[PDB]
Amino acid sequence: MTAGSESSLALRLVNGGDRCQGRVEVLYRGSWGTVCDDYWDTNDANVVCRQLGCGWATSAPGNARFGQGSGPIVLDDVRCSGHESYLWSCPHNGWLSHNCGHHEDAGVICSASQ
Ligand SMILES: [Ca+2]
Ligand SMILES: [Ca+2]
Ligand SMILES: [Ca+2]
């Protein structure tokens with residue numbers, strides 16, 4: 001990952017009750033995209049929760065549980081071991097390499113969420 005994208009990458013959870021649950025969105029090339037729910041699981045969620053300082057994964061809802069996003073779908077088939085420090089450190093399909101719709105946008109509920 002080039003130094004420049006590494007500097008600008010960012011993760012957020014949107015449309016939930018607080019910052020520690022919601023639809024997963026990732027900042028790629030200066031635009032916020034969503035993550036497809038294919039093979040999305042608590043291991044992926046766990047990386048997200050820990051990265052955000054949100055504790056550990058409670059659950060990893062697919063099927064746009066927190067609503068459909070509108071950006072590009074930037075991540076798909078995410079295969080986190082659960083140990084990685086950043087979601088972009090997980091194996092995945094490649095940026096923008098998806099076969100999804102926004103009705104599949106992945107979500108997370110973390111243990112620090114209230
Ligand atoms: Ca799916
Ligand atoms: Ca996974
Ligand atoms: Ca897929």
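Atoms within a ligand are numbered from 1 in the order they appear, just like the ligands themselves. For reference, positions follow the sequence shown, starting with 1. Reckoned from all heavy atoms, side chains included, excluding hydrogens, waters and symmetry mates.
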(message) Run the side chain to side chain contact (heavy atoms under 4.5 Å, CB included) test on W40 and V78 for me, step by step, so that the C-alpha distance in whole Å, both residues' side-chain angles and the decisive distance to 0.1 Å come before the verdict.
(response) CA-CA 6 Å; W40 183 258; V78 184; 4.1 Å; yes
(message) So, of the N/O/S atoms that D41 has, which is the nearest one to the Ca ion (ligand 2)?
(response)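 When I compare the N, O and S atoms of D41, OD2 is nearest to the Ca ion (ligand 2).
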(request) Report the relative orientation of the aromatic rings in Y86 and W88; use parallel for angles under 30°, tilted for 30 to 60°, perpendicular for over 60°. (result)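 Rings of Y86 and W88: parallel, as their planes differ by under 30°.
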(request) List, by chain and then residue number, the residues other than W32 in its hydrophobic cluster (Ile/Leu/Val/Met/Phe/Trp/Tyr, side-chain heavy atoms under 4.5 Å); write none if there are no others. (result)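 Its cluster mates, by chain and number, are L27.
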(message) My understanding is that only residues two or more places apart in sequence, or in another chain, count here; which of them pass side-chain contact (heavy atoms from CB on, under 4.5 Å) with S97?
(response) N93
(message) Run the side-chain contact (heavy atoms from CB on, under 4.5 Å) test against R65 and tell me which residues pass, sequence neighbours left out.
(response) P61
(message) With 3.0 Å as the threshold, which protein atoms of type N, O or S lie near the Ca ion (ligand 1)? Leave waters out.
(response)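 Per the 3.0 Å query on the Ca ion (ligand 1), atoms found are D37 OD1, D38 OD1, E104 OE2.
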(request) Return the minimal non-hydrogen interatomic distance between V24 and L11, and the atom names on each side. (result) CG1-CD2, 3.6 Å
(message) I'd like to know if the Ca ion (ligand 3) has an N/O/S atom from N93 within less than 3.0 Å of it, counting both backbone and side-chain atoms.
(response)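 Under 3.0 Å: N93 has no N, O or S contact with the Ca ion (ligand 3).
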(message) Nearest N/O/S atom of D76 with respect to the Ca ion (ligand 3), by atom name, please.
(response) OD2
(request) Check all N, O or S atoms of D77 and name the one closest to the Ca ion (ligand 3). (result)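 Relative to the Ca ion (ligand 3), the closest nitrogen, oxygen or sulfur of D77 carries the name OD1.
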(request) Walk me through it: do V47 and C90 pass the test side chain to side chain contact (heavy atoms under 4.5 Å, CB included)? (result) CA-CA 9 Å; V47 165; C90 301; 4.0 Å; yes
(message) Is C110 disulfide-linked to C54, taking SG-SG under 2.5 Å as the test?
(response) no
(request) To 10°, measure the O(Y39)-the Ca ion (ligand 2)-OD2(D44) angle for me. (result)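 My answer is 80°, to the nearest 10°.
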(request) Could you tell me whether any N, O or S atom belonging to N43 is less than 3.0 Å from the Ca ion (ligand 2)? (result)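 No, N43 does not qualify, because none of its backbone or side-chain N, O or S atoms lies under 3.0 Å.
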(message) Please determine whether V78 has a backbone or side-chain N, O or S atom lying under 3.0 Å from the Ca ion (ligand 2).
(response)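 Here the distance criterion (N, O or S atom, under 3.0 Å) is met by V78, so yes.
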(request) Check the pair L75, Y28 against side chain to side chain contact (heavy atoms under 4.5 Å, CB included), reporting the backbone distance first and the verdict last. (result) CA-CA 10 Å; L75 288 181; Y28 175 67; over 6 Å; no
